[PDB]
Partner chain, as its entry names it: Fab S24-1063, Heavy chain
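Before any questions on binding or motion, here is one chain by itself as structure tokens, the form solved without the partner chain.
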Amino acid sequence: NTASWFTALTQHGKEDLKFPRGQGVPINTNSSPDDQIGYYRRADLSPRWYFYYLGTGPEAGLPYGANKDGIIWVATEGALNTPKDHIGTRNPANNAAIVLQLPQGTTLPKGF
């Protein structure tokens, strides 16, 4: 289980990935409202950003909001500040990446 559940957001401009509070959590129809919280992490030459649920992936040890370079925090209103052990990360041998989809009305920064 070595990979994001989702395809990358690709940075085509000089602006880093960032989202307004409440936005940025990729849609997962097998997930519940408690689960809608995690971080994007930086991996053509275009930098790629990958989403990982809180308490999972490279920065599984980071609590929400903890500042680190190349790490962006997102949460949908009503999400619980708990590790998403039951979702975890993706085995690429067993599972294809979910196409990263954000809902109507989501602000994407320039170059995404």
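Here the rigid core means the biggest group of C-alpha atoms that line up within 1.5 Å when the two forms are laid on top of each other. Positions refer to the first chain, counted from 1.
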| item | value |
| --- | --- |
| Rigid core superposition result in 6 other deposited structures of this protein, more deviant of 102-110, 2-10 by Cα | 102-110 |
| Core-aligned Cα RMS comparison in 6 other deposited structures of this protein - stretch that moves more, 72-80 or 44-52 | 44-52 |
| Sequence continuity check, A43 and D44 (deposited residues unmodelled) | 10 or more |
| Comparing 27-35 with 62-70, the one whose average Cα B-factor in the PDB entry is higher | 62-70 |
| 82-90 versus 51-59 - which carries the larger mean C-alpha B factor in the record | 82-90 |
| B-factor third for the C-alpha atom of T106 within its chain | middle |
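The next section is about a form of this same protein that is not shown, the form deposited with the partner chain bound.
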| query | finding |
| --- | --- |
| Sequence-ordered list of residues in 73-88 near the partner chain in the deposited bound form, where near means a heavy atom within 4.5 Å | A75, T76, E77, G78, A79, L80, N81, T82 |
